[PDB]
Structure formats: structure tokens, C-alpha cells
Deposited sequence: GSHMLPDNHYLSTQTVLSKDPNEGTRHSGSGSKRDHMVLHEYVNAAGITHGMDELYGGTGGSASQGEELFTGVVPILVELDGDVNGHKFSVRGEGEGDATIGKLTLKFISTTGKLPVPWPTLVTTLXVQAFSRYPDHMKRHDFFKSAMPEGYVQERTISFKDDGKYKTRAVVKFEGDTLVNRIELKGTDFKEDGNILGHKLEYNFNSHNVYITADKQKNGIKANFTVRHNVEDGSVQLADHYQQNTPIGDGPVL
């Protein structure tokens, strides 16, 4: 039931709305690779998506909500997020991985390894620790599930120990995203999966800011 070692290749494009408030327009493309269910039937078409996040980075509180749709046949994602509290204390790229991996495209020969769709409609809990090199850290926990026919992502974020002179709080990261491989492994002791990858954030000066991701996913029903 639990999947074998594999990874997700994901491409991301960040943009703005010509009408626009603080906002981010997200286009994502994700595909599984690396291998030699009543839940999958729910993703045979376009699916509405809702995202809700409440954060607290070094005492600064903020809130983001987003709307969009996903097409799991292509592994395509389209979302628009909005700050319901003004200019955010952190850069938009730092929240990209936090702001719905059941829309990854799994090839037909590895459909028996998609854990995200198999947990639907009841959903799963996604917990993460993002550690920025020589800086602070993010600690997130989220519930991803179906509410009627809409996929809902509700996340709780808490950042600590961020330097006031750093790339995150100082808003020194460019408004773009690189491509990453998300390596997935099974965790039988908790009947879920674990994920691991390092995100590369481009700094305006030309250097790179590393963010190490430690992710764990557990089913609900």
C-alpha cells in the first residue's frame, strides 16, 4: 500500500495579476518519476482548489488565501493567492512550497505509488520543517482534504529565529522559482510517507539561499 522510492519533478512560474493588494499568481507542473484506489477517480478532470494559511514569523502575523483549479491528468496547477493583511513580512517565494501534491501526474506504470490521491477524499496531514541556511526556520502543519468537490488546503505556519538583516526578513530574494525534485520515501512506522529536498532561492545579488525541506505526510481516515 505504501509506495517505493521515487521523486516528483516540478516546474514553477510566478507572476502577477494585471488587475491585482499583495498577491501571487502560481503556475505549477509536477510529474512523478524514478520507478523501474477509489481516490484516483476523483481527479479525472478539473478540480477547484482553496488554500488558507495563517502565519507568524518573528512575531509578525499574516494571512494568505488563494483560489484556483487543478488538472491532475496533466499535472497542472493554477492558483492566485492574496494577502488579507497587507504587505507580508516575508517574500512570496518562501511560501510557495507551503501554499497540494495530490495533483502530481503519475505515469500509468507507477499509479500504484500515488499516496496523495489514495488518501482522498478523507485527506492527509502534511507537516514540514523548512530550515534556511544561516538563518531562521519554518514549522508548518496542514490538512489537505475534500470539502464537497473542492480540494482545501489549511496550513499553520510558525517561523522563528530569523535574522533582521537576512535574505528572508530583508526581502532580498528574487521573484522567481527554480525547478526541484521532491524525493519520496515510505514510513511504515506511521503508515505515511516522508519527503526530502533542498530549495534554491535566487538572491538579487546573484548568490543562492538554501532552504532544506523535511516533510512528513500521514493519512486521516
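Deposited-sequence ranges lacking C-alpha coordinates, in sequence order: Counting from residue 1, the stretches without coordinates are 1 to 3, 24 to 33, 50 to 63, 127, 250 to 254.
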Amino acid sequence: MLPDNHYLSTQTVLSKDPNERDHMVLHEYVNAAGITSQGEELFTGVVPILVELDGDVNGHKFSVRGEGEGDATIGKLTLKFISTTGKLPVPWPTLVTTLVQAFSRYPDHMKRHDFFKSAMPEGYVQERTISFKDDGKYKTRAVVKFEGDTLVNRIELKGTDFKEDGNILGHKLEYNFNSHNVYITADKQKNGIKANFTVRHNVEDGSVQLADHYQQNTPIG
From here on, numbers count along this sequence of modelled residues.
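Average Cα temperature factor in the PDB entry - higher stretch of 47 to 55, 158 to 166: Per the PDB record, 158 to 166.
Stretch with the higher entry mean CA B-factor, where the candidates are 79 to 87 and 144 to 152: The deposited B-factors put 79 to 87 ahead on the C-alpha mean.
Candidate residues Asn176, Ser37, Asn31, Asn181, the one whose C-alpha B factor the record puts highest: Among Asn176, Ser37, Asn31, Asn181, the PDB entry lists the largest C-alpha B-factor for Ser37.
Selection from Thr12, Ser9, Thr198, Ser207 [criterion: highest C-alpha temperature factor in the record]: Answer for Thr12, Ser9, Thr198, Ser207: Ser207, with the highest C-alpha B-factor.
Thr218 by Cα B-factor - lowest, middle or highest third of the modelled chain: It belongs to the highest third of the chain when residues are ordered by C-alpha B-factor.
Among modelled residues of the same chain, the CA temperature factor third for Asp114: Within its chain, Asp114 is a middle-third residue by C-alpha B-factor, going by the deposited values.
Chain-wide C-alpha B factor ranking for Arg65, given as lowest, middle or highest third: Tercile = lowest for this residue's CA B-factor.
Third of the chain's Cα B-factor distribution that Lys194 belongs to, per the entry: Bottom third by C-alpha B-factor.
Third assignment of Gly123 from its chain's C-alpha B-factors: For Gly123, whose C-alpha B-factor we compare with every modelled residue in the chain, the answer is the middle third.
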